[PDB]
Each structure stands twice: as structure tokens, then as C-alpha cells.
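One letter stands for each residue in the lines below.
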Amino acid sequence: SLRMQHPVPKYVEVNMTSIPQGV
Amino acid sequence: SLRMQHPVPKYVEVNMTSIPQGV
Amino acid sequence: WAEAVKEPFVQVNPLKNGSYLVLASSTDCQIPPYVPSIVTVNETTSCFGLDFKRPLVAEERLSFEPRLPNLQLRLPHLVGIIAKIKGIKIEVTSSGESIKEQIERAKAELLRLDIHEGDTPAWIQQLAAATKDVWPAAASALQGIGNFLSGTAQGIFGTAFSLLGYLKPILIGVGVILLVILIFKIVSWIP
Amino acid sequence: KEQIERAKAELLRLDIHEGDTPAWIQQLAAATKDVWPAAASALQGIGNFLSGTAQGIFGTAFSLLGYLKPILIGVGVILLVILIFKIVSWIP
Amino acid sequence: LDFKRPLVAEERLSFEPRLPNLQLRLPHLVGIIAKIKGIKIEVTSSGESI
Amino acid sequence: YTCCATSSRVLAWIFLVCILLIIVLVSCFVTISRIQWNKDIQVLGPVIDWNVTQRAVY
Ligand SMILES: *[C@@H]1O[C@H](CO)[C@@H](O[C@@H]2O[C@H](CO)[C@@H](O[C@@H]3O[C@H](CO[C@H]4O[C@H](CO[C@H]5O[C@H](CO)[C@@H](O)[C@H](O)[C@@H]5O)[C@@H](O)[C@H](O[C@H]5O[C@H](CO)[C@@H](O)[C@H](O)[C@@H]5O[C@H]5O[C@H](CO)[C@@H](O)[C@H](O)[C@@H]5O)[C@@H]4O)[C@@H](O)[C@H](O[C@H]4O[C@H](CO)[C@@H](O)[C@H](O)[C@@H]4O)[C@@H]3O)[C@H](O)[C@H]2NC(C)=O)[C@H](O)[C@H]1NC(C)=O
Ligand SMILES: *[C@@H]1O[C@H](CO)[C@@H](O[C@@H]2O[C@H](CO)[C@@H](O[C@@H]3O[C@H](CO[C@H]4O[C@H](CO[C@H]5O[C@H](CO)[C@@H](O)[C@H](O)[C@@H]5O)[C@@H](O)[C@H](O[C@H]5O[C@H](CO)[C@@H](O)[C@H](O)[C@@H]5O[C@H]5O[C@H](CO)[C@@H](O)[C@H](O)[C@@H]5O)[C@@H]4O)[C@@H](O)[C@H](O[C@H]4O[C@H](CO)[C@@H](O)[C@H](O)[C@@H]4O)[C@@H]3O)[C@H](O)[C@H]2NC(C)=O)[C@H](O)[C@H]1NC(C)=O
Ligand SMILES: *[C@@H]1O[C@H](CO)[C@@H](O[C@@H]2O[C@H](CO)[C@@H](O[C@@H]3O[C@H](CO[C@H]4O[C@H](CO)[C@@H](O)[C@H](O[C@H]5O[C@H](CO)[C@@H](O)[C@H](O)[C@@H]5O)[C@@H]4O)[C@@H](O)[C@H](O[C@H]4O[C@H](CO)[C@@H](O)[C@H](O)[C@@H]4O)[C@@H]3O)[C@H](O)[C@H]2NC(C)=O)[C@H](O)[C@H]1NC(C)=O
Ligand SMILES: *[C@@H]1O[C@H](CO)[C@@H](O[C@@H]2O[C@H](CO)[C@@H](O[C@@H]3O[C@H](CO[C@H]4O[C@H](CO)[C@@H](O)[C@H](O[C@H]5O[C@H](CO)[C@@H](O)[C@H](O)[C@@H]5O)[C@@H]4O)[C@@H](O)[C@H](O[C@H]4O[C@H](CO)[C@@H](O)[C@H](O)[C@@H]4O)[C@@H]3O)[C@H](O)[C@H]2NC(C)=O)[C@H](O)[C@H]1NC(C)=O
Ligand SMILES: *[C@@H]1O[C@H](CO)[C@@H](O[C@@H]2O[C@H](CO)[C@@H](O[C@@H]3O[C@H](CO[C@H]4O[C@H](CO)[C@@H](O)[C@H](O)[C@@H]4O)[C@@H](O)[C@H](O)[C@@H]3O)[C@H](O)[C@H]2NC(C)=O)[C@H](O)[C@H]1NC(C)=O
Ligand SMILES: CCCCCCCCCCCCCCCCCCCC(=O)O[C@H](COC(=O)CCCCCCCCCCCCCC)COP(=O)(O)OCCN
Ligand SMILES: CCCCCCCCCCCCCCCCCCCC(=O)O[C@H](COC(=O)CCCCCCCCCCCCCC)COP(=O)(O)OCCN
Ligand SMILES: *[C@@H]1O[C@H](CO)[C@@H](O[C@@H]2O[C@H](CO)[C@@H](O)[C@H](O)[C@H]2NC(C)=O)[C@H](O)[C@H]1NC(C)=O
Ligand SMILES: *[C@@H]1O[C@H](CO)[C@@H](O[C@@H]2O[C@H](CO)[C@@H](O)[C@H](O)[C@H]2NC(C)=O)[C@H](O)[C@H]1NC(C)=O
Ligand SMILES: *[C@@H]1O[C@H](CO)[C@@H](O[C@@H]2O[C@H](CO)[C@@H](O)[C@H](O)[C@H]2NC(C)=O)[C@H](O)[C@H]1NC(C)=O
Ligand SMILES: CC(C)CCC[C@@H](C)[C@H]1CC[C@H]2[C@@H]3CC=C4C[C@@H](O)CC[C@]4(C)[C@H]3CC[C@]12C
Ligand SMILES: CC(C)CCC[C@@H](C)[C@H]1CC[C@H]2[C@@H]3CC=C4C[C@@H](O)CC[C@]4(C)[C@H]3CC[C@]12C
């Protein structure tokens, strides 16, 4: 007997935008 | 603008057993 | 204005339209550090130890959002040391200041943080952190001579140098007494 | 008396430095102008000499000779220790 | 100024908070540090090392 | 005796040279560390422009 856990790929989309002058 | 792809964890269970003498 | 802050720094504001405003001293979920940004995700995930949810689809209307002009800003090289030794939020430049005026502003202040008999190792470690970006070879040397006075033995050399530093006035005094003997003893040999 | 003994220690410790002598001398003049106008005009002159005359080469020279002070003493001491021995090794 | 004797009151069920006690070690020369700044200045944290 | 007298002489010379070198090593360190600090103060500092795309890490 030998139980194991194999990792399987995935992903989450992350958009980012700027803030001119930090305002 | 800046589009990105962040990895997110997951897993698949995998059981294994033996074959005495290779028969 | 500049102001010293505690590390690690994390600030996350949930916006009403369903995005998040992030400013953080460290990376997470691919978000760059030190520069702020408006962040949106296509599927619920945990970032900076809290849940960033996917927003509800919206209908597009005519916008009235302002678009400010962009702006490059040059700061003094040692802005971190200037903000630290004030212990309050302090003015460091103007938007439209010259290289010359900007520098001649904390120079006298900064020059008078000189080496002392009582914290040479702690001083030498500041000089390294200040020199690292300019001359990396020198930094690594200074850092070494720092840890020698602090660490090697039980810091006995640090102790020895600290003490020989404070004795300077006594040593001169003795030195002068030796000359006054030597001169007389010499003159009282010549026929 | 109380008013004066209030920023005196603070103010005394804004002393002359090897690294901004010309910029210091120009403050001393502005501070002295109302008290002693003759001295101010002098100090202001010796200010502009270290800053302006040539390409400020004298400012440079004095700034550098200021930072070297510890090396010079060290050498000076080595000369005495030679001179004394060389002198004592002439006397019969 | 005059500290007056208060009027007798009737006892009701209380909701007053009781905060935890706390020892706090300050620097030996805290008075000289506060004097040469001439503003209200941060001197330690609750849970800082010697 | 002569060896003991010679030893005392040689010891004193090495003891003198020992100090006169330490005087020169400390003197040189103070001069160089203080100049570098002066140069550190007058270097050009960083630039900030609020551009996120510029700071992307893959
Ligand atoms: C929650 O709310 C927040 C807001 O609080 C939402 O975030 C906002 O989302 C908006 C999307 O709806 C974003 O707008 C988009 O910005 C994009 C990037 O804009 C910049 O780059 C542009 C291109 O630059 C390159 O290319 C040009 C040549 O084309 C070169 O010259 C450059 O060098 C670059 O290489 C550029 O045009 C923009 O410039 C404008 O803005 C800056 C300041 O930010 C000014 O300095 C500029 O002067 C200029 O503004 C003036 O001129 C423009 C026209 O040129 C006018 O529109 C302005 O009114 C003003 O007069 C930036 O530098 C854009 O690419 C993108 O364009 C789309 O839409 C247009 C039509 O409007 C189409 O034609 C395009 O094809 C494209 O589809 C759009 O405008 C906001 O940036 C963002 N705001 C913030 C603060 O982050 C968030 O999404 C919300 N979340 C949710 C969940 O709803
Ligand atoms: C105007 O208003 C003000 C308020 O704004 C009024 O002032 C308040 O008046 C109150 C009286 O009504 C005072 O309350 C009384 O406090 C007494 C002292 O409490 C302290 O000491 C206690 C004993 O400590 C010794 O002994 C123990 C062993 O028994 C040892 O372990 C110790 O080392 C000491 O040797 C101690 O129990 C108390 O500890 C509690 O409080 C502190 C913080 O102050 C906490 O750190 C503790 O954890 C603890 O709080 C928790 O645990 C207790 C139970 O143990 C709970 O009750 C709490 O809710 C909490 O969970 C203090 O260190 C008390 O002796 C006195 O007790 C009387 O009442 C109880 C019943 O409640 C009886 O059983 C007793 O027999 C006794 O009659 C009472 O509580 C307020 O202190 C005071 N407030 C302030 C801020 O000064 C003022 O009077 C008003 N004026 C007018 C005119 O009306
Ligand atoms: C606001 O905007 C100003 C203007 O851009 C910024 O100040 C300028 O910063 C830049 C970049 O750091 C400096 O560029 C360097 O210029 C020198 C040559 O300078 C000489 O010639 C200039 C000709 O126009 C002249 O303006 C200068 O005059 C100033 O300086 C003298 C001397 O101190 C002073 O007396 C005057 O009163 C003026 O203050 C001066 O005569 C050049 O040698 C540099 O070359 C380097 O960089 C280039 C490009 O990378 C490289 O190719 C070279 O090899 C070398 O490494 C560099 O181009 C400019 O001198 C600054 N100008 C002023 C007026 O100060 C300012 O930083 C901005 N402020 C803020 C807050 O953001
Ligand atoms: C918050 O709480 C902390 C923890 O209590 C307070 O800090 C402590 O203060 C006490 C009281 O002033 C100090 O007690 C002394 O301890 C030394 C021995 O210290 C050595 O051994 C410790 C073993 O646990 C160890 O933690 C120490 O490590 C620290 O120091 C080293 C060296 O600088 C440093 O490298 C480490 O990183 C740590 O910082 C250390 O190895 C002991 O010699 C003292 O004895 C005197 O007092 C007793 C009792 O009166 C007396 O019997 C003796 O004769 C002698 O007079 C004394 O017990 C303790 O060292 C402090 N601990 C730390 C971690 O700093 C702190 O003050 C509180 N803060 C605030 C703001 O209130
Ligand atoms: C992060 O930014 C991304 C841009 O790089 C966003 O992707 C865009 O999201 C919109 C959502 O409305 C998509 O629009 C959909 O388009 C499909 C069909 O695609 C075709 O037509 C569109 C125009 O309608 C065109 O842009 C495409 O090129 C295709 O030709 C429709 O079925 C939908 O109903 C909807 O109209 C954009 O297609 C998409 N653009 C790109 C370049 O991928 C993304 O949404 C952002 N993510 C987050 C988390 O905010
Ligand atoms: C038990 C251990 C064994 C004993 C070891 C010692 C044996 C010594 C033998 C006898 C000789 C005595 C020598 C006398 C030394 C006196 C030191 C003087 C220190 C001193 O006054 O300097 C002041 C503080 O700096 C300081 O005090 C910093 C001093 C320098 C620290 C760095 C030492 C490491 C040097 C590394 C050398 C290699 C580097 C590359 C060359 C600043 O000077 P100022 O008072 O003029 O004021 C200038 C403006 N503030
Ligand atoms: C290429 C050009 C030609 C070369 C010219 C130079 C030739 C020199 C020839 C060899 C002789 C060398 C002489 C050694 C001089 C060393 C200077 C020492 C400077 C120094 O240590 O002073 C410190 C800073 O002041 C300063 O550094 C300020 C120094 C004075 C500046 C003013 C000079 C103008 C004088 C005008 C004279 C007329 C006025 C009326 C009499 C402060 O002193 P401290 O370290 O003891 O600390 C006291 C508490 N901070
Ligand atoms: C969020 O965006 C990610 C982009 O990483 C999407 O991931 C894709 O999912 C499909 C399945 O529909 C896969 O076939 C693709 O290979 C994935 N693309 C990648 C990894 O680039 C994801 O589907 C989106 N999630 C939601 C809920 O819309
Ligand atoms: C196959 O087995 C894996 C074990 O890795 C299961 O993974 C768990 O899934 C649940 C969601 O139902 C998570 O909450 C757990 O954290 C996962 N366990 C882990 C990673 O140990 C998976 O659900 C199973 N898949 C199927 C289709 O039954
Ligand atoms: C913000 O940063 C990005 C990346 O440095 C700049 O975009 C680049 O612009 C140059 C031309 O100047 C192009 O050759 C690159 O291909 C662009 N890179 C990318 C990834 O788009 C951008 O110009 C910067 N400034 C602004 C105002 O957006
Ligand atoms: C040890 C007995 C014989 C006394 C002899 C005197 C010697 C040790 C003393 C006299 C004057 C001293 C010098 C006085 C001033 C300085 C400047 C300081 O920044 C570095 C050390 C240095 C250069 C000292 C080194 C030690 C010194 C040369
Ligand atoms: C040039 C060679 C031969 C070395 C000779 C040593 C001479 C130049 C050195 C040794 C010690 C030095 C002095 C040490 C200290 C001070 C105090 C300072 O506030 C003014 C300069 C002054 C007075 C220095 C002048 C130059 C000096 C006299």
C-alpha cells in the first residue's frame, strides 16, 4: 500500500493599472 | 496595463500496490 | 514629504466597483512591490492574507473620470537616513527643483553625523548600506571590518579601539612630558 | 538670560567642517552683518575666494588638506622618531 | 479648588471594561531625548527588547 | 647575557615598529571612511514615475 498526492497545474488571471502621481 | 497568470494549488490522488515475484 | 515606516508594510483598500488598491513592501499574486496599483482578478483567491473576489459584470455608461498628467521625480540618494534622524514627516524636495538646490539641503546636517569613539561598528555598518549601490566592492570590505570589531573574539578589538579613542587626550599629555625630558637629557650630553 | 540659554548649545554645535567651509563662512557673515558690518564684508570676501576665484581650486585644496589631517600627524611623528635617533647617533 | 462629597447612588448591573495590567521599561535619559526634539516623539514599543 | 641584551634590543625595535604601523593603519582608515561618506551624500538619487509595467517580475 502507498497513497500519494500529485500536484496538477492551474492559474488565475490578475490585471493591474497605474495611478498617475499616486492620486 | 499589465496582464499576468498566477499559479494556484491543486492535487490528484494516486494509489499503488505490489506484485510479488513480478507475477 | 518623506516619512520613515515599519517593515513589513501592507495596505489593501477594497474599491466600490470591485477592484482593490494595493501598496506593499513585498510581492504576492504577481503584484510588484513599492509602486501602488489598481488590481482585478477573474476568480476568487487569497492575497496578503485576505480574499480578492471576482467582481459582478457591469454595464458601460459615459465616464467623467479625470486623467492626471504623468511626472518623473528625482529624490536625494540618502532620503532614508534624512527621514530616520528627524522622527517626523519632513519636506525633502519640490516637483520642479534643480540638482544643486536639492543636494545643498541636508548636506551640512548629513556631514555632521561623523565617526565617534562610542559606536564605530554601528557607524561603519551605515557607511556600507550608504555605499552599496555606488561602489559594491568597497561596501563588502567595510561590512567585513564592521563584523571584525563586533563579532571576532567577544568584540575585544572593538572594546580596545573604543578605549584607546577615549584616552587620546591623556596620551598626548604624556607624549609632551617625554619630549620635555628627552630634549633636556639630550642637551645635557653635548659638550 | 533664560531666552538666550535655550538654543545656545544647539547653535554652538553648528561648528566649522572640512566639507562646507565656504557655505559655513557665508552663514557667519549673514549672522554678523547687523553686529559688525566691517567684519561681514571681510568674511563674505574670504567666502567668494574659496568658491569663485580660479575654478574653486583653493576651496578644493583646503577641503582636501582638512581631511588628510590624521595622516599628516602620523607621518610627522615618524619624522621626529628618525630625527631624535639620527641626532643622538651624532653625539660622541 | 473644591472637591465635594457625592450624592448617594443606587447600585445597578455594570458594563465597565477591565483592561489588562502592563509593566513598561523606558530609556534612562527619556527626559533629555524629549527635550532636544521640542515635539512629541516615539521612544519605545510595549514589547521591545533591552 | 649578550643574547639577553641583544634580545631586549631586537624586542624593543619590533615593539616600536608594531605601534608606528598601527598609528598608520588607523589614521588611513579614518581619512578614507570620512571621504567616502562625503561622496555618498552628493551622488544622484532614485527616480519614481508611478509606471507599474516597468516593475513587472515574471
Ligand atoms: C474600477 O475603477 C478604476 C478607475 O478608478 C478602473 O481603472 C481604470 O480603467 C480604465 C479602463 O476603463 C483605464 O483606462 C485605460 O487606460 C489605458 C492606458 O492609458 C495609458 O496609455 C495610453 C497608451 O500609451 C502608449 O501608447 C501611446 C500611443 O498610443 C504612446 O503615446 C505612449 O507613450 C504609450 O506607449 C495613453 O493613451 C494614456 O494617456 C492618457 O492618460 C494619461 C494619464 O493616465 C495622460 O497623461 C495622457 O495625456 C492621456 O490622457 C489624455 O489623452 C487621452 C487621449 O490620448 C484622453 O483619453 C484623456 O481623456 C486625456 O485627454 C495612458 O498613458 C488606455 O489604453 C485605455 O484605452 C482604451 O479606451 C480608449 C477610449 O477611451 C480606446 O481608444 C482604446 O482602444 C482602449 O480601448 C483606457 O483609457 C484607466 O487607466 C484605469 N484607471 C486607473 C487610475 O488605473 C478599473 O478598471 C475599475 N475596475 C472595475 C472592476 O470596474
Ligand atoms: C465613578 O466611576 C469609577 C469607574 O469609572 C469608579 O471606580 C471603580 O470602582 C470600582 C468599584 O465599584 C472598582 O472595582 C473594584 O476593584 C477592586 C480592585 O481590583 C483589583 O484588585 C483585585 C484584587 O487583587 C489582589 O488580590 C488578588 C487575589 O484576590 C491577587 O490575584 C492580586 O495579585 C492582588 O493581590 C483584582 O481581582 C482585580 O483584577 C481585575 O481587574 C484587573 C484590571 O483592573 C484585571 O487585570 C484582572 O484580570 C481582573 O479582571 C478580570 O477578572 C475579575 C475577577 O478576578 C473580573 O471581575 C473582571 O471582570 C475581569 O474578568 C484588580 O486588579 C476589587 O477588589 C473590587 O472588588 C469588589 O467587587 C467584587 C465583585 O465585582 C467582589 O467580589 C469583591 O469582594 C469586592 O467587593 C472592585 O472590583 C474599580 O477598580 C474602579 N475603577 C477604576 C478605573 O478606578 C468610582 O468608584 C466611581 N465613583 C463614584 C463616586 O461612584
Ligand atoms: C526637474 O528637471 C530638471 C531639468 O531636467 C532636473 O535637473 C537636471 O537633471 C539632469 C539629470 O540628472 C541633469 O543632467 C545632467 O546635465 C549635465 C550638464 O549640466 C550642465 O549643462 C546644462 C545644459 O543645459 C546646464 O543646465 C547645467 O546647469 C546646472 O548646473 C550648474 C552646475 O552645478 C549650475 O551652476 C546651474 O545653475 C544649473 O543648475 C550644467 O551647466 C551632464 O553633464 C549630465 O550628463 C550625464 O548624463 C547623461 C545622460 O544620462 C550621460 O550621457 C552623461 O555621460 C552623464 O552621465 C546630465 O545630462 C541636469 O544638469 C539638471 N539640470 C539642472 C538645472 O539642475 C531636475 O532633476 C528635476 N527635478 C526633480 C525634482 O525631479
Ligand atoms: C518586554 O519584556 C522583555 C522580556 O522580559 C524585557 O526584556 C528583558 O528585560 C529583563 C529585565 O531588565 C532582562 O533581564 C536580565 O537578563 C540578563 C540575562 O540575559 C541573557 O539571558 C537571557 C535568558 O533568557 C536572554 O534572553 C538574553 O538575551 C538578550 O540579550 C542578548 C545580549 O544583549 C541579545 O543578544 C539577545 O538578542 C537578547 O536580547 C541574555 O542572553 C540577566 O543578566 C539580568 O540579571 C540582572 O537582574 C536580576 C534580577 O533583578 C539579578 O538577579 C541579577 O543579579 C542582575 O542584576 C536580568 O535578569 C532581559 O535580558 C531582557 N530580555 C530581552 C530579550 O531583552 C523588556 O524590557 C520588556 N520591554 C518593555 C518595553 O517593557
Ligand atoms: C484583463 O484584461 C483583458 C484585456 O487584455 C480583458 O479581456 C477582455 O475582456 C472583455 C470583456 O468584455 C472581452 O470581451 C468579450 O469578447 C468576447 C468575444 O471576443 C471577440 O470580440 C471582442 C469584442 O467584443 C474582441 O475584443 C476580441 O478580440 C474578440 O474578437 C465576447 O463573447 C464577450 O461577450 C465580450 O464582449 C475581450 O475580448 C477581452 N479582450 C482580450 C484582449 O482578451 C479581461 O477581461 C481582463 N480581466 C480581468 C480579470 O479584469
Ligand atoms: C586586546 C587587543 C589587542 C590590542 C590592540 C591595540 C594595540 C595598540 C598598540 C598601541 C598603539 C596605540 C594607537 C592609538 C590609537 C588611538 C585611536 C584614535 C581614535 C580616534 O581618536 O578617532 C576618532 C574616532 O575613531 C575611532 O576611534 C576609530 C578608530 C579606527 C577603527 C577601525 C580599526 C580597524 C582598522 C583597519 C585597518 C585596515 C583598513 C585599510 C587601511 C575620530 O578621530 P578624531 O578624534 O581625530 O576626530 C575626528 C572627527 N570626529
Ligand atoms: C593648488 C592650490 C595651492 C595649494 C595651497 C595649499 C598649500 C599648503 C602648503 C602645505 C601646508 C599645509 C597646511 C595644513 C593645513 C591643514 C588644514 C586643517 C583644517 C582643519 O583641520 O580645520 C577644520 C576645518 O576647517 C577647515 O578646514 C578650514 C580651514 C581654513 C579655511 C580658510 C582659509 C583661508 C585663510 C585666510 C587667511 C586670512 C584671514 C585673516 C588672518 C577644523 O579644525 P579642527 O579639525 O581642529 O576641529 C575644530 C572643531 N571643528
Ligand atoms: C481565468 O483566467 C485563466 C487564465 O489563466 C483561465 O484559464 C484557462 O482555463 C481554460 C479552461 O476553460 C484552459 O483550457 C486554459 O488552458 C487556461 N488558460 C491558461 C492557463 O492560460 C480561466 O479559465 C479563467 N477562469 C474563469 C473562471 O473565467
Ligand atoms: C481526489 O483526491 C484529492 C486529494 O488530493 C482531493 O483533493 C481535495 O479536494 C477538496 C475539495 O473537495 C479540498 O478541500 C482538499 O483540500 C483536497 N485535499 C488535498 C489537497 O489533500 C480531490 O477532491 C479528489 N477528487 C475527486 C474528483 O474526488
Ligand atoms: C511604462 O513602462 C513600459 C515598460 O518599460 C513602457 O513601455 C515600453 O515602451 C518602449 C518605448 O519607450 C517600447 O519599446 C516597449 O516595447 C514598451 N514595453 C512594453 C512592455 O509595453 C512605457 O512606455 C512606460 N511609460 C508609460 C508612460 O507608459
Ligand atoms: C604610548 C606612549 C609612548 C605615548 C606615545 C604617544 C602616541 C601613542 C600618540 C601621541 C599623539 C597621538 C595621535 C594624536 C591624534 C591622532 C588622530 C586620530 O584621528 C588618529 C590617531 C592619532 C594619529 C594619534 C595616534 C597616537 C599618538 C601618535
Ligand atoms: C608636510 C610634512 C613635512 C608633515 C609635517 C606636519 C605638519 C604639516 C602638520 C603636523 C600637525 C599639523 C597641525 C595639527 C592640527 C592643527 C589644528 C587645525 O585646526 C589647524 C591646523 C593644525 C595646526 C595642523 C597644521 C599642520 C601640522 C603642523
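Residues numbered from 1 in each chain as written, not as in the entry; some residues may be left out. Chains lettered and ligands numbered in written order. Part of a larger assembly, values for the part shown. Heavy atoms only, no water.

Per the deposited record, the coordinates in this entry were obtained by cryo-EM to a resolution of 3.70 Å.

Named according to the PDB entry, chain E is Envelope glycoprotein originating from Eastern chimpanzee simian foamy virus. As recorded in the PDB, this entry has the title "In situ cryoEM structure of Prototype Foamy Virus Env dimer of trimers".

Named according to the PDB entry, chain D is Envelope glycoprotein originating from Eastern chimpanzee simian foamy virus.

**Things to note about the pairing of strand β2 (residues 12-17) of chain A**
Of the two faces of β2 of chain A, the one lined by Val12, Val14 and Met16 of chain A is fully buried and the one lined by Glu13, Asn15 and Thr17 of chain A carries no buried residue. As judged from the five bridges shared by β2 of chain A and strand β1 (residues 2-6) of chain B, these two strands associate in the antiparallel manner. Bridge pairing in β1 of chain B links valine 14 of chain A to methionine 4 of chain B. Of the pairings in the sheet, the one linking β2 of chain A to strand β3 (residues 37-41) of chain C comprises four bridges and is antiparallel in character. Its bridge partner being in β3 of chain C, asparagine 15 of chain A is matched across the sheet by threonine 40 of chain C. (Buried < 20%, exposed > 50% of the residue type's maximum accessible area, 1.4 Å probe, protein only. Helix = DSSP H or I, 4+ residues; strand = E, 2+ residues; numbered from the N terminus. Pairing = 2+ DSSP bridges.)

**Here we look at the site of ligand 8**
Close to ligand 8 lie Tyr11 and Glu13 of chain A, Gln5 of chain B together with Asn42 and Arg54 of chain C. Positioned at a junction of chains, ligand 8 has nearby residues supplied by chains A, B and C. Between ligand 8 and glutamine 5 of chain B there is a distance of 2.8 Å, counted from an oxygen atom to a side-chain nitrogen or oxygen. Between ligand 8 and the protein, one listed contact pairs an oxygen atom with a side-chain N or O atom of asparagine 42 of chain C at 2.4 Å. Within the complex, 36% of the 570 Å² of free accessible area of ligand 8 lies under protein. Each residue belonging to the shell around ligand 8 can be placed in one class, and the counts come to one nonpolar, two polar and two charged. (Near = heavy atom within 4 Å. Polar contact = N/O pair within 3.5 Å; in protein donor to acceptor, adjacent residues only side chain to side chain. Areas by Shrake-Rupley, 256 points an atom, 1.4 Å probe, with all protein chains shown as cover. Nonpolar A, V, L, I, M, F, W, Y, C, P; charged D, E, K, R; others polar.)

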